[PDB]
Amino acid sequence: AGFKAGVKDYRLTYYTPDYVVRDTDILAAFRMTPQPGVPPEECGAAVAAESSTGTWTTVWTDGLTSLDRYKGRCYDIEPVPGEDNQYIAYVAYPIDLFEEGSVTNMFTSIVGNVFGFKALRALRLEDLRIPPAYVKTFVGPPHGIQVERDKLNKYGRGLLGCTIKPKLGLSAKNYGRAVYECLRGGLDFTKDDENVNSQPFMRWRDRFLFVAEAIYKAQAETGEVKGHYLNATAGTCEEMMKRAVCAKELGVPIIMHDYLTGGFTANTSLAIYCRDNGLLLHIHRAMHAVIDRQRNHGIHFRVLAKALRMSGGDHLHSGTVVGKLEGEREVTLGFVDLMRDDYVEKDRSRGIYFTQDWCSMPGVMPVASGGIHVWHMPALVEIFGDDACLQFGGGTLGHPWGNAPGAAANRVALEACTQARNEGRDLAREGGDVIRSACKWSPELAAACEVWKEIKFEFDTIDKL
Amino acid sequence: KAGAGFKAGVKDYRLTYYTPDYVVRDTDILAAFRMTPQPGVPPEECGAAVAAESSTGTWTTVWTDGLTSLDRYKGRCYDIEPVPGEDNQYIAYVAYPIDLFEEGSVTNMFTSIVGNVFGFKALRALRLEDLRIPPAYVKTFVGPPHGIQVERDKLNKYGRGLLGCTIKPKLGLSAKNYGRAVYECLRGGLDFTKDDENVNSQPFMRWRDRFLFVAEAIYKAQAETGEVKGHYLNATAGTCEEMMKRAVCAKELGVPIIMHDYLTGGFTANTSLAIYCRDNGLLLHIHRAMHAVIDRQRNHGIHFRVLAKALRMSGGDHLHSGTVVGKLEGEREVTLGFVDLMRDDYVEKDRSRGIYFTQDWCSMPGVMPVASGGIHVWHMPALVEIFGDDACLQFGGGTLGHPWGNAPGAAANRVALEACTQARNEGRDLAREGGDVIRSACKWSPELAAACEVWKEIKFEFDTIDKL
Amino acid sequence: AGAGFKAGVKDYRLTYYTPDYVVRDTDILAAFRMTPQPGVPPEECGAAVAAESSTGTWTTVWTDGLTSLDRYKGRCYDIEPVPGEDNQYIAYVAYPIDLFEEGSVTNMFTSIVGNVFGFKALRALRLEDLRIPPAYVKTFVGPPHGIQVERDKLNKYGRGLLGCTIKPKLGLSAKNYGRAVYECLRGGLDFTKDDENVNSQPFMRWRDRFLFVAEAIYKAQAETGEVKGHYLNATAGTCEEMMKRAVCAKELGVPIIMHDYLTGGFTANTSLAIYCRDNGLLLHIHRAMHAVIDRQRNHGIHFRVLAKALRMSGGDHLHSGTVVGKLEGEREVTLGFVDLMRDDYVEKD
Amino acid sequence: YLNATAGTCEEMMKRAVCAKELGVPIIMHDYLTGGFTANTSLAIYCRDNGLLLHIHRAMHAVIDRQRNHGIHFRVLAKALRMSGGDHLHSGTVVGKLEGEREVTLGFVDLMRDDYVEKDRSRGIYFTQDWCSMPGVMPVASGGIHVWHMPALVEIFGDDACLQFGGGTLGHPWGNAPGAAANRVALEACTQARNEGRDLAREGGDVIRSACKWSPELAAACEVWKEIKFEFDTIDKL
Amino acid sequence: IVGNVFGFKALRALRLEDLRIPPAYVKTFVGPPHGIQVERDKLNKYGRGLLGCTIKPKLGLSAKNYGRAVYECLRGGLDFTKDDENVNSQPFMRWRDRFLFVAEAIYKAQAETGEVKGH
Amino acid sequence: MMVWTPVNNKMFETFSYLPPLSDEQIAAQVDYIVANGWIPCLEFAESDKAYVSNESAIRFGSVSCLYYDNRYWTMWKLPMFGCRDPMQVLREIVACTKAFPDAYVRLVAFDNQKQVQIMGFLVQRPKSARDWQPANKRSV
Amino acid sequence: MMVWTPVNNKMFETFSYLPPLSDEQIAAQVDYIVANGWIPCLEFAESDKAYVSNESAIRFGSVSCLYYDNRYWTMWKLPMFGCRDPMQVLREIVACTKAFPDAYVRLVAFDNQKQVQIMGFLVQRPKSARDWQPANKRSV
């Protein structure tokens, strides 16, 4: 009843195994590895405490408010199968603890300081249950999958993108030259590499203008709407906005932003600007692997994906599974659903720890990109379906005949796999046959197939369930 | 007749990106990567892959390379040193030409260096240990709004470490109760108090209400003590528009300092705020919330020293440095290392402290390290010995957890700090005579005696994860 | 084949009367006291109200097929008889959260009470209550400060606050207004206020009044040693004029302004409430015109709904009636909506 | 009419600005649910930027339905004319929403004319002099179809906008055919009136004659032939 | 120069006939937006006086009827037409409506005649 | 179901959705004008200026709202002020169409009290026009 | 090395890069629509209204982002709600092209759950059109 100075176990206040979670609570699933001698209950309580309302010693101020009302609560702990010192600690956070529409604030509490506690050796946030009452405080994505397709007037197949290469070193006009040749061959989009912002070899406004000429030339030539994600990622918000404004003034369809390296605060502002000005926003997840690669520590990508959907983004890279970058099939299928769907049921076999209700927030278009080529098309279409954008950078500018032929080869491979699927063919089994048949009438595809026929990326997976 | 032309297809990255005889230029940005290749992947190839996919190349040969000069722009793995006693670990050094980076953009720098390479299937783990920021690139940044010397000059405080304190409970307090706690803390001897990192604007307390009451608290405590006071008002928000509205309010109230969680808020937003603070005379305290998600493990991530350099470039007058002895992890040698990297103008390479490259800050302002987290009066001797006078030592629970309240709690910490500072100045060895200094002060300070009695038994000692 | 498009009229009840529907916790719920025309079944009348306040019209439209009516349609899920009335019923309607624009009371009212009150098929209709789910409540900024914060800013605790409307209503000059205000405040009243209809007129222009009132506020405060205030009326013909007045109050450093939320409107009120939050001004809300809507038992909108709407749009104060004064206000009903405007959780009663 | 009605004035203006930037001719606003303060501001913006402003009277029946309490619509109509609006729903008389003929003809005059003399037989209690203030276009909308055309033209004359929502998207052949059927019915009735025919008595014959050469109208007439809205009037003089 | 002196009791009448504006003072003024030469160069009209015409009746015409009269005037050979001095913005014709209809008239007449037109 | 054709199905406002007006129906509309004391007037335009367009907007800032070229047509002589003889109106239709046989011609009438055109319809379209459909071909 | 021709090589979105679909391949796509319970619908447009353009932007301020004319085509009758018979769809394609032999016609399908077009491809191109290339002439 009174104030008693001094230190006491966190579990006395923050371990509440009989707590009935509320439908407005934000829930967190932590893969926790305690230091030897630290009871799982105390470790879980410490996490809940230091990410909500408590500190290392008893403070009298608790008495001025109602700790029962605001405290985070570790309400359940389950051992990790096959792990001697690993547990999944579930924590419930009252909705009152979060600032409306601020992913930055949500992350600040949940992952702000707990990962550095001496009492634990490792910690990883696996999932978050974002309640509808909190989802509703966010503007969310500028447009979403359905609106995007409606604005581009594109339906019935996955969209095709392509990152211009070399990553850096090209002049503004050479960039536009590459873009035009890429788009004219059948690709829906092309894009600035994530690290292409504004540099000595190519200033941004010069690139924006030449790319604009390229987009419009390709569109007029093909009769299909074209786009190129112009990078607004910058050192300051003022610079980021100047770039978005220029895209608006040029009448182009889409820009991009590296949400993690730029930051959630900047990203949310940009997403809002895109909503109010009609610009599609492609989101690049640069730096994500720094945080989500290891199984024992960090934040799983599914959480980073939910966070982006909340902050706002029409596109979000999802991995390719079969490409040069890691992405295990089951967890990828899991977060792709979390990115696109309105309601996703709990499914541990896919790393989905909580049932997620998006309460009508627009879905984000997954982007499969990185070290993929024509022979991967069957698998890509089989894994993602039509609602995705498959990007081929090296897979286009690496074609022996140039960008246009390279683009046509990918567009042909995509439509052939799409046609076959619609006909009821099993892409997982007949993928190769579908591609080979297309090669008979498509010399562009035949050339691409011959160049990369033996190329595959198969390594031991680090990010395992 | 026919020179080097375009040949479609895949070839090893090492054929272009592994250059062991390359002589680094003084304008090159250097990176030290602790990499763990997948079985069967030569360190030369893995290293070349990292340099390639963080600079100019992709998985297959592109014809466009011929339109420019790859030799001029490509990143280069120029050296690979094996890591003793570790499981297939190597330190791969990569040099990046200055042309690859957007001036004054920490966001761009990170985008290239740590953008995609950490996810490659060809490697099992990767950790950026250090970065050599050349003077030519340092000069493209506005840097910290003020820096240590200017801060002391504006606050008119010299001769001792500064004292801070995080208000508690973390969340749940109303605006007026926040101001109440702040006033009581500051009037007792603390130089600063602050919003918890997660205190932004919430149902239980909206930001503008907090700013106003805190302002009253700041001015009351200052008038009462006759010493300049401050409270880091959190400008961290969901959008830049909200962030700026909060900074503008602090400016309009004439208060001395605000704070920002640079990692959860972001570099783009942080740089904008730092610039605003420079142009409006506001001190900017930086909280490193989320850093441990990235810098805790030895095998993967980014070491805090790099995150510290990044913040210094983006802009920050204060930056949490850890306590070493507190509730959060922070190995002594590693800590002393990045503290120098945060404050000094020139830091020589010293692997015994995790300093892989000699760093020249070319006169960019030094950042005030802030030791915070689970520390109390008995830790004072150790803290003063580790950090010296140029630091801010914060006691949240260590103040609001005092049995007599905030003012007495603040006095106890202020007394402990001044006693330790006096002892050191007189030539006493704090590492050895610390306890005696504190016990001696207890004789004439009832406030300190009470604090000492409550936390005498409390210590934080665990196996260190982030070892050199 | 399957369900197709069939042009023509059919009963609303076939699509909008769902007596077995289980309301979702995010649905906005409405309780309508409905009086159908003779010959019109209660379920059909309730169905019409649900349909015309959500997704349907008088005849079948083929466009329904492009979307999902099951997902968007309003549903009359319950019809309750009214004791002492054999032609009056309470019809309950559930509206999916997707039907509403976030943070817009204007939009919520446009759907629920937009057109259904004028249907020939019904003789009278009154909206008695609305269940605002937490998921929708969270989309609103809400009141600029609220009871606790207001008390903390004024430093007043332990007793009800005391106010006073200057009189005569109209006809006083700006200086005489300030004269009456100073004398009122210095005697013990915490606040005084512009009458609801005192905006800016020939006998007293607003800026002149604001200035003299400021002198009166500060003189009374200095004399008594207690924080004082006077609700300066920001109610105007246009939003531009409304904001100019709010800005002047901000510039004078005064504590509080007022707005007639119903005559000024929800759109204007919400904008003002947001301004007050970002500028630290307390906002007193006058309910002028409410009795035109909430007086009769058989038709209109009960004040409790108008109160919930104001709490959502934003207001630090809201007139609640006196029960014992010159204006009507039944005790039980009043106690009920007072809890609805002050408390965090109010059980059905 | 693109809707500018919003939760705040800032959002309302952003929508009006977008309409301006797109070069489109007209926007709308729910003056009672949005409010007079916001409406007056919007009307002023429309005057200064050349946008037509259609006003929807949502919520009016909450206030003007009962004969014993509230505010009669004629007063709400005068208020809107003053606040600002190029269009204002006036009811249909024969549609799904209530609107007694005499009362309606009365406030329609109060909405469009420059001078209206007292006339209690139409609920006009005072002679109203608008002193050249622009007239507001009455909009008859709600539960009306092709067969109502003769009555609508006879009631309102040419200066009005007749709206058919369900009456258009409810046509068995779709929106375009539904639109044509209403346009044909309107022109057929207009032509008949100009020729001196009495729409109050020959309306049905005018429509049937048009059906002979207009399959679109014929299909509409078939679907809604027996649809009428006749109930006891609440808002009686 | 003409502020108070005209009302002095000491005089019965006063009239300012002329003023000598010295170049030193003239130079302190921006002066006319363009001037005769520039005007002729912008309109591309030379060799004859310019022709204008005030629309009538002075007041009472609607915005569209104003544009109608303007178009018919300009298309016949007049270089300009104009608002009567007292035509500003009134109940019978608000200014912005007039500006829009007149613009249509100016452009129609110019396209029809091949000569630059204005109002 | 009949489909309303979007190809070469241009309309001309009032009465364009009815079968072509016979001379008798046209005369009746004229009687309507005279009976109401309205002011008859003919207007014409060449094919290229018959329908609204946006050409001039190229010279505009963001002020195209409700601005369209070709709304104004050319006046045939002057409005027939004081005309109380329909034969008079019919004779001018003949004279106008004779002078401009390949132009679009419409008959309108003005009300000077409300000061606005109160009626109007097309009376001539060039025989070369191929952008319209006969009554029985508006839907297929 | 073959060069992708930029001349008269207009495309038409989904499947336009594959050889012209045979009636058997079209029938297969239709079965796909029915098997998934999607709503079949046909749209058409004359040559001048077939590809995206920017004509309307002349009336805009700086808001042309993602705005293009000609995305909307004309609906053939109404979407075939309820249709569970592929033969019905195939017959409407014939009915539509019969009504408009000189117009572009495309078959689409709507999903009322996601409320978006879920599939689509061109079923008719005016025979007189020469702005496209057969599969064998796309590269030279």
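By letter and in written order, the chains are A, B, C, D, E, F and G; residue numbering begins at 1 in each of them.
To be clear about the criterion, a contact is a pair of C-beta atoms (placed from the backbone, for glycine too) under 8 Å apart; a residue touches a chain by one contact, two chains touch by 3 or more.
Just so we're on the same page, UniProt names per chain: A, B, C = Ribulose bisphosphate carboxylase large chain; F, G = Ribulose bisphosphate carboxylase small subunit, chloroplastic 2.
Student: Going by the contact rule set out at the top, which chains touch both subunit D and subunit G?
Tutor: Common neighbours, subunit D/subunit G: C, F.
Student: For subunit C and subunit G, what is the smallest step count along a path of chains that touch one another?
Tutor: Between subunit C and subunit G, the shortest chain-hopping route counts 1.
Student: When the mean CA coordinate of each chain is compared with the mean CA coordinate of the whole protein, which chain is closest?
Tutor: A
Student: Could you tell me the distance, in whole angstrom, between the mean C-alpha positions of subunit B and subunit D?
Tutor: Between these chains, centre-to-centre, one finds 66 Å.
Student: How big is the gap, in whole Å, between where the Cα atoms of subunit B centre and where those of subunit C centre?
Tutor: Measuring from centre to centre gives 49 Å for this pair.
Student: Report the inter-centroid distance (CA atoms only) between subunit E and subunit G in whole Å.
Tutor: 56
Student: Considering subunit G alone, which of its residues make contact with at least two other chains?
Tutor: 56, 59-63, 77-78, 115
Student: Mind pulling the subunit E residues that touch 2 or more other chains?
Tutor: 92, 100
Student: Among all the chains shown, which pairs meet the touch rule set out at the top?
Tutor: Those chain pairs satisfying the definition are A-B, A-C, A-G, B-C, C-D, C-G, D-E, D-F, D-G, E-F, F-G.
Student: What residues of subunit B sit close enough to touch subunit A in their complex?
Tutor: 8-10, 38-39, 53, 55-65, 67-70, 72-74, 99-108, 110-112, 114-122, 124-126, 128, 166-174, 177, 181, 197-198, 200-204, 236-243, 261, 264-272, 275, 289-294, 296-297, 299-302, 327-329, 373-374, 376, 396-398, 400-403, 405, 454-455, 458, 460-463, 465
Student: Inside the complex, what are the residues of subunit C that reach subunit B?
Tutor: 145, 148-149, 152-153, 277-278, 280
Student: Flag every residue of subunit F that touches subunit E in the complex, lowest number first.
Tutor: Within the complex, subunit F touches subunit E at residues 49, 55-56, 59, 63, 66-72, 74-75, 115-116.
Student: In their shared complex, at which residues does subunit G touch subunit C?
Tutor: It comes out as residues 37, 39, 78-79, 81-85, 88, 110, 112-113, 115.
Student: Which stretch or stretches of subunit G touch subunit A in the complex?
Tutor: Its residues touching subunit A are 1-4, 6, 9-19, 25, 28-29, 32, 50-52, 57, 62-68, 71, 108, 114-121, 131, 135-136, 138-139.
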